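Let me begin by presenting the structure, written as structure tokens, before commenting on it.
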Amino acid sequence: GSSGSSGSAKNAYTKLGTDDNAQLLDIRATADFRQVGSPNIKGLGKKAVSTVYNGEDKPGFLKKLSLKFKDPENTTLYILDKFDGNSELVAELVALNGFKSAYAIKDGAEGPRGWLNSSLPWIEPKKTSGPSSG
């Protein structure tokens, strides 16, 4: 693909912990934190910033970021989509809108080698009983 963009699933999480300044922008839909869960990066230091991307309305999305990050000017963000979405698109928007340098993850969360399929930590919804139900 792009030798420089969307690395393997760990390629983000690794650099999430090792950078100590890095962050996560879960662009996955607000429903996906109901139906799949969220990534448990808390042991690196903090939770991810859930804000659904919509290629609709660039400013009406970035309104969530400006209050959420202390030092966007050197914080290394990592988007996280469900599969593909527009991860690599957001990965070149924030850095051009006053953050430093941004990244995506291939296969997102639910992809065949994405976050879930990478030994990476998760939060999930509540415990329930009915796998064929969803």
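Per the entry's author numbering, the sequence shown starts with residue 1, numbered consecutively.
Note that the Cβ used here is the ideal one computed from N, Cα and C, for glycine as well.
**Report entry** Same chain only: Cβ atoms within 7 angstroms of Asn40, ignoring 5 sequence neighbours per side
**Finding:** These residues qualify, in order along the chain: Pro121, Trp122, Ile123.
Query raised in the report: Where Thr128 and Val36 are concerned, what is the direct C-alpha to C-alpha distance, given to the nearest angstrom?
Result: Across the structure, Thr128 and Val36 are spaced so that their CA atoms are roughly 12 angstroms apart.
Requested in this report: Just list the beta strand (DSSP E) runs in the stretch 97–130, keeping only unbroken ones of 3 residues or longer that don't cross its boundaries, in chain order.
Outcome: The stretch 97–130 contains these whole beta strand (DSSP E) runs: 101–103.
Query raised in the report: Hey, residue 191 and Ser5: beta-carbon distance below 8 angstroms or not?
Result: There is no way to answer for residue 191, as the model of the chain reaches only from 1 to 134.
Requested in this report: Using three-state DSSP, classify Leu62 as helix, strand or coil.
Outcome: In this structure, DSSP gives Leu62 a helical state, which the three-state scheme calls helix.
Query raised in the report: Would you report the Cα separation of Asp84 and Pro112, rounded to the nearest angstrom?
Result: Cα to Cα, the separation comes out at about 11 angstroms.
Report task. For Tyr78, name the three-state secondary structure that DSSP assigns. Result -> The three-state secondary structure of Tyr78, taken from DSSP, is strand.
Query - Residues of its chain near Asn97, where Cβ-Cβ distance is below 7 angstroms and the 5 sequence neighbours each way are ignored - result: So the list reads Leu62, once near-sequence residues are dropped.
Report task. Could you say which of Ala29, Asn86, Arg28, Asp20 lies nearest to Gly55 if we only look at CA atoms? Result -> Ranking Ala29, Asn86, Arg28, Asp20 by Cα distance to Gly55 puts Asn86 first.
Requested in this report: Pick helix, strand or coil for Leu89, following the three-state DSSP scheme.
Outcome: Residue state, collapsed to three classes: helix.
Query raised in the report: Of all the options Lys10, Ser118, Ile79, which has the alpha carbon lying nearest to the alpha carbon of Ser101?
Result: For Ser101, the nearest C-alpha among the options comes from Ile79.
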